[PDB]
Amino acid sequence: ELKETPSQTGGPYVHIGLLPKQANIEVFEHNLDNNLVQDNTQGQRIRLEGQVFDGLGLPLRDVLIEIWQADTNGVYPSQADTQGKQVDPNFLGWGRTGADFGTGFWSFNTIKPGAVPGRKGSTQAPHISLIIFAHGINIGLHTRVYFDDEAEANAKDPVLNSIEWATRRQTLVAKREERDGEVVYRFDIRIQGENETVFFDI
Amino acid sequence: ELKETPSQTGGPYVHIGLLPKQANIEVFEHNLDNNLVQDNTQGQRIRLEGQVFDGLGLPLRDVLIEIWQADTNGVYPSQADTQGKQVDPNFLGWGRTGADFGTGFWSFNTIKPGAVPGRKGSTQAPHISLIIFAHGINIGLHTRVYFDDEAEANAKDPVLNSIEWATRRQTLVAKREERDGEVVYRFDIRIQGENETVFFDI
Amino acid sequence: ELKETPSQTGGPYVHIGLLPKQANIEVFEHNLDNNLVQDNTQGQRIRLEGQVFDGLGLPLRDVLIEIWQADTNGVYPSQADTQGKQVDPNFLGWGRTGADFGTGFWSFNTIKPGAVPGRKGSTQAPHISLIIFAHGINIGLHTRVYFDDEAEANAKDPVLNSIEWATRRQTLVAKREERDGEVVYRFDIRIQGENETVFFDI
Amino acid sequence: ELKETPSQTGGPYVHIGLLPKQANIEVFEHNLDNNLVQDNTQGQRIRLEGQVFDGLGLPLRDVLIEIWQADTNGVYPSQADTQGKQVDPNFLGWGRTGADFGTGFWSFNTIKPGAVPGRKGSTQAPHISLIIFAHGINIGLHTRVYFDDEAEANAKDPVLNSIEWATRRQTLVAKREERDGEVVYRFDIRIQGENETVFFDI
Amino acid sequence: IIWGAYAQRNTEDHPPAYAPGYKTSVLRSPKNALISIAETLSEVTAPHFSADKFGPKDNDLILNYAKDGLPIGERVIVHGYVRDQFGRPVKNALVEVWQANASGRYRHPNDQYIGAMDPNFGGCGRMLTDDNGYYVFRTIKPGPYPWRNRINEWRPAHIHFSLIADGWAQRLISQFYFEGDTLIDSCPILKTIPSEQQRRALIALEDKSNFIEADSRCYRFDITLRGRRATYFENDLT
Amino acid sequence: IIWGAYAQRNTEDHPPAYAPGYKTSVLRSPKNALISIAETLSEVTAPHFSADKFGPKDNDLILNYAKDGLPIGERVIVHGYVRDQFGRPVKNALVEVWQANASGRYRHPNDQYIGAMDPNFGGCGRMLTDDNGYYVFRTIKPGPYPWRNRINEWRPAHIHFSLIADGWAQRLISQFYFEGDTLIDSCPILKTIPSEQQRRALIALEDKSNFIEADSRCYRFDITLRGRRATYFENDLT
Amino acid sequence: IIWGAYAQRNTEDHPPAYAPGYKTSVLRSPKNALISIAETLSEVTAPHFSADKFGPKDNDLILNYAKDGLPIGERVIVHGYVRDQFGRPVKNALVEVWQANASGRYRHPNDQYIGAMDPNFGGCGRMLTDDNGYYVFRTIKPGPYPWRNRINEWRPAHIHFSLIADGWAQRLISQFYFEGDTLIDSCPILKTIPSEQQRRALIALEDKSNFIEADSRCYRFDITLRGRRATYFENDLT
Amino acid sequence: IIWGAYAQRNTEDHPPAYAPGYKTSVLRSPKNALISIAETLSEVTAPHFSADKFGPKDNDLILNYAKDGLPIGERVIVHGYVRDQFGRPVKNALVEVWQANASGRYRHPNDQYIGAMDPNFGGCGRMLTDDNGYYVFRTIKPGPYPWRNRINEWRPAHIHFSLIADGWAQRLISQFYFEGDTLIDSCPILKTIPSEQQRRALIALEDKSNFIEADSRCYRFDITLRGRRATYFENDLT
Ligand SMILES: O=[N+]([O-])c1ccc(O)c(O)c1
Ligand SMILES: O=[N+]([O-])c1ccc(O)c(O)c1
Ligand SMILES: O=[N+]([O-])c1ccc(O)c(O)c1
Ligand SMILES: O=[N+]([O-])c1ccc(O)c(O)c1
Ligand SMILES: [Fe+3]
Ligand SMILES: [Fe+3]
Ligand SMILES: [Fe+3]
Ligand SMILES: [Fe+3]
């Protein structure tokens, strides 16, 4: 048996490689980005945004974030999904973004995912899987984003209930806001300190 | 010369073994518990209670606590006591308890100990020696409980004076309260963080 | 190249695993046994029986025996048979049995096999291949059973002729008897001592 | 922990040391011998005799034999006996003898032992424990002598029943004979071969 | 490819028949040497067992005899590969296993050890290897137990196994042990095997990456059978 | 002989409070250093427990909770000696033990592992050491079990123990393991102990000459507590 | 074959989050332990990228940003295989790489090192592994460069890489180095990895037989991702 | 303390019955394996011999048979301790010894070796060990001698000894040799013992500090017998 290749930090230039277009490097015709909504994508459109803070409260302006989520019916656009349900054919389920170099805000345009089966017949509340890379972070940090308007579903979520500190469960719930017709979920991540966001070993 | 056997955590089930009666296991006829007062025990009856908190302020509901103290005249019911004074014959001086699984409160019924000689002719203020075991605690944590109504004696206590931070000395003083005739001393223990309780290497 | 996994004794409970039904363990719906005759099986029905004796003449009551043989036309029900002849489709060619715990008798219901080609164009006399396992036996003992009414064929059998002691050749010949219409072949096996049965390394 | 000192043969002169008197060496005033009956010893007097044979049937004329047995009531004259019964005070329970240099016959004058408790509340049949030493014997051989007139008791003896070969059980039974008023038990020992006497690892 | 005979069994890689430290072998071992024969169709063929006849729980010793509850003991999965000596997988071979329960007690009439019986454990299973020679079964780890050889003899924990594969000459019954058991070093039955490397060939290894969280541990154990040689010149088998 | 204080505890011979690989310790370890004090009568005394109050089966975990039958599992005796660091026996010390059953399941409300419960096993015992510091108890060997640290974490088989002896400063709770268990090398709780020699100090050793034929195996395990120094000049304790 | 969860990540084979010698990690590492969860469909799935969208020079860093000429530097090919921990190839996984140019200068706004910029070098590429898990790209060997950790800190030459494969739990970003670089022994970022064998797992090896005469050198570098376990009994994933 | 049975004899620590290099054993060794039994009162008891019956010179082989003068030969004292396998002294055990004289000649009718007889030497002694298990006797060092196994076989110098102690199961006869004798390496009787460490257990060691000036040399030789186990639970002996 082999050992997994060891992780190393992405470093401060992680966007030359992962978001060249935004570092002003036009080497690719098709570029990956933070917009998961195609014109025929099903579901309610939502905007996910926030900032990532270090232990002193300073926002990271060199952070790289990716999200992975199910379509509107809770089906993953992946051959490993075994639900036997058809997935929305116009949905990649993944995106990538960096923080704005001045402000530190990051965002994605996506849709609100439907609920996905949990283990042993349970049902998970709607959530988006999120990972963070940056200079200083030796291994990508995994977390999940749940929605404050799904309080009923959240109370029965297996993963959330597995966190014994209820004060820490709240760090995983984004707040719904409505900016000029658009639904926005604000999710700030605190890597260290007070109200430190929960991170998972998955 | 031999090395002491290394300590290991008591683990989350430390009461199967140490308080079976309370885990609903009736294997012993005589069970050890948290009541140190027998009907002929001398001294003023007091109730000692509190909660133990982790670094996030959550009370530990799996904690095991024992106390060791002198009788009403400051004599230990132990062959190692060299005061040459007779000890109260109806006093074990030790007890054990766990926190309530729901609330996290722990308590003992005992008596207020009398003052015990300190080293080189000094006199120690009345105190109860306390030890804590729990999942996550690799070695039992030792602390002492002093009484806020013994301010005069406390100011001359050798052990308390040996703590250079006066703000930390206060973590060792229980507060006297009077619940319907009974005298109660409240002593909360903070294992980590702000107002962290002082622990000793004895 | 790899070395064969080393043999070890089957031990005294070899029937829990190999004949559960007879140790009163009903774990399987289909159980393997000592009856090789199905209703449409071709050939003359015969009963093979005997006892296995240790060096002092005591019968082994913990022995496990299996036999492997060709059908009535001398064809093996095995993909490795290269005769290009069709085998009887209602014949497994194998069976397993243990000795009766009280008497030590073992038996099989099968049919008399037809002659099988030997090496370099020779013809072997009809025979059944037999193996013995038991506590005390470190490696299964292989032997063969020939029939006393096939004296002509036996005299030309390559394997029998390869045994230089004619007195030992006779230990491999079962005796035909006729118990109420049924043809029975008696074959006793002596593991050690006088008239020790011939065993083969195959 | 220590390993037992390894055994070695007694050699052909084992009586210089163990029965000097009979090798014509008068070095001791009190000599140990084969007569266990003192004038006040209780019980029925019996004579035990026989020969010891090698693998070719030749009697050993250099053999040394000792026996160990209980008194008439089945009590051992030993501090390790825990029956809480008083033992016959005029009984050593042990003796030693060699074979006659010409004939090879050996004998003891003793009494018939009473039955002794077996393990877990069982009762052992009357028996004498016997050990053999000689040139060629690397470790003393242990056996037991039972009596043919105690057939009822013998059938319920735990040690005898633990021998699975009934033909071997008989090698441990001496035959009662009556030579001119005296009761004699004949017990021949065959070290090797046909009717080999059973030996124990005790 | 035309197949010839199985490679000769290497007698130095197996225990001998007479092994005095295993007392029962003293009267159950032939005094004459085994007679080696050249193989014929009888030795190179073997029976075929169909998967259709096996029940769904035949390889699950935890559930195949469970009546009121689950058996008591350590839940373990054992898996591995069966191959021949030249490294080829052995396909559709019948693997049968039997063992004691967690107390070291067999569900046999003659076993009267005080170790307690488990009403929900049977102790026997079977499976057919797949096309890659792979097999997998689940069980309760057996406990060691006492037996009468010398009076205080104790067997290390073990699972008995039997294989019927492509040729009768491959027929094999043996036993595998569990990595780290200290009784392995003292067992007179395991010590009948002459070489240390072969004694090690019977030890199943802890397979940590294949443990199933909050459920079962896993041991890996591979088995090697005799292999057939290919023929390129005269084919004397027949 | 006038006794002085217990020898200082050697912190390098014990795990530290903060041990990140044992996740629960992260929020249950003080951030401040422990404050060392000179001992007084409070630290050198301890309670006395009388043998009169102990029942006949308190040290027999095989029978002390048996109702309809015997518990399922491997019968084992564990014995040894308790001494102080200067080698003196520790007399009349109270030894309490608790453990999982053969399935690795504790008889606790919060243990919901699928390993099966044994209706005839309780899992807790106690004894007082004798004048030579000797103790002996009988039990069923516990099975390993899964716990949530990393998701597939497994504890090696172990028995938890606690000692109250002559002085409060000797108070100790720990755990001992069984010789040869392969999970010992991977346990993050055992790895909180810094040195290999101290990790070995928690392994009970197979004691073959003390096995009881057709009955039980035996493990030997000795325990060392802090020892008191004697005073020959000024006695400052009081 | 029914697949179960990915094997647990072995935290001892990776750097810890808090590594004081890498100063930026001091304020960017969680103080709480990570919470381990049992996997669900969320952790075992991942996206699919189609080869149709990749341009012809996406894996050719020598030509994909060349405008007036060729970039300056050492022409090298890097190739190898991506497999999971059980040795199975990882097919159609997306491998993205980025690096500095021959001067050790990144084409990033914030990089103001005096090492000169190369107008014909971009520094980023991507590819999908083939059915055998194979990948190959061509580039200019990057130069080492200074960074501010301690004032005179220097990174060994390295190429950053990222893998998105079959399951989200496999997501990995790391860096590989070049055999023989002496700065490898002094780098505080590479030293966050605890064991020497794992530090060696990041060194690409000179592959001399695969150099292309009068053209380019070649380095061989294999990558191992977490692997999934197969399920043979209860399938609890859903 | 309630005593249970003696520990099982470890057959690997003793010679086997059949040892072909010691020719006389070929026809004096059982062909069947020994039958192991569980002990009863018969095996754990043994006789008691009173010191009152021993004469003053019973342990002095130099004077107990001297008539006209002293025997010819090297004056030596042999002493040591008898203990059981758990290290406890064996008290009041009867130790009997016999040996050849300085010429290697035994005072036996059948010994017709040309080595000369000594009219003042008998060659046999006996003693009871004291409460510490100690024994001491004085003698003349025996000479080696020829015997017929192969025609030129020679025994190293040795003293035969026998012990009757607390339990019949401890009954033992053996022989000890003298440090440095070169015949020790060639003796087929000593070579029946399988291991080198056990062969060394029979060599008495020169004890120089205990030589008696102008008088005698001294050898130290300790003996270990089987030991009894203590019972703490069921006492099945009876
Ligand atoms: O501090 N920097 O600028 C750094 C440090 C490490 C890197 O791998 C990097 O590309 C940039
Ligand atoms: O996490 N648990 O449940 C545990 C961990 C360690 C233990 O020793 C234990 O008894 C329980
Ligand atoms: O003597 N027995 O009972 C035994 C000896 C070995 C075994 O493998 C066994 O299952 C039983
Ligand atoms: O053959 N002999 O005469 C012998 C052989 C060995 C001896 O120890 C002995 O005293 C005499
Ligand atoms: Fe870099
Ligand atoms: Fe535990
Ligand atoms: Fe077995
Ligand atoms: Fe001799």
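Sequence lines set the chain letters: A, B, ... in the order given, protein chains first and strands last, and positions in each chain run from 1.
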With only heavy atoms counted, which part of [X] is less than 4.5 Å from chain F, the side chain, the backbone, both or neither?
X	answer
B/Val52	neither
B/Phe133	side chain
B/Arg190	neither
B/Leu58	neither
B/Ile139	side chain
B/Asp62	side chain
B/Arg96	side chain

Is the closest side-chain heavy-atom distance between [X] and [Y] below 4.5 Å?
X	Y	answer
F/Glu96	B/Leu32	yes
B/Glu29	F/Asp58	no
B/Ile131	F/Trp168	yes
F/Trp147	B/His135	yes
B/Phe28	F/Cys124	yes

*Check whether any side-chain N or O of B/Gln192 sits under 3.5 Å from a backbone N or O of F/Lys31 as a donor-acceptor pair, and report yes or no.*
no
*asked:* Could you check whether any side-chain N or O of F/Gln99 sits under 3.5 Å from a backbone N or O of B/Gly17, counting only pairs where one atom can act as donor and the other as acceptor?
replied: no
_Basic-acidic side-chain contact under 4.0 Å: F/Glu12, B/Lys3_ = no
*Step by step, work out the side chain to side chain donor-acceptor pair (under 3.5 Å) result for F/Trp3 and B/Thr82.*
CA-CA 10 Å; F/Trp3 299 102; B/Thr82 57; over 6 Å; no
*So, for F/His48 and B/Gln79, which heavy atoms are closest and what is the spacing to 0.1 Å?*
NE2-N, 2.9 Å
_Would you call the rings of B/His15 and F/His108 parallel, tilted or perpendicular, taking 30° and 60° as the class edges?_
tilted
*What class does the angle between the rings of F/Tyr106 and B/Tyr13 fall in, given that below 30° is parallel, 30 to 60° is tilted and above 60° is perpendicular?*
tilted
_Run B/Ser7 and F/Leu172 through side chain to side chain contact (heavy atoms under 4.5 Å, CB included) and show every step you take._
CA-CA 7 Å; B/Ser7 183; F/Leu172 182 68; 4.0 Å; yes
*Of all the residues in residues 150-174 of chain B, which have a heavy atom that comes within less than 4.5 Å of a heavy atom in chain F?*
B/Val159, B/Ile163, B/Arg168
*Name the region of F/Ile189, side chain, backbone, both or neither, that has any atom closer than 4.5 Å to a heavy atom of chain B.*
both
*Let me know if F/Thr192 has heavy atoms under 4.5 Å from chain B in its side chain, its backbone, both or neither.*
side chain
*What residue in F/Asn32, F/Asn110, F/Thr11 has the most heavy-atom pairs under 4.5 Å with chain B?*
F/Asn32
*Is there a side chain to side chain donor-acceptor pair (under 3.5 Å) between F/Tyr177 and B/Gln8 once you walk through the steps?*
CA-CA 12 Å; F/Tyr177 302 92; B/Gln8 292 276 78; 2.7 Å; yes
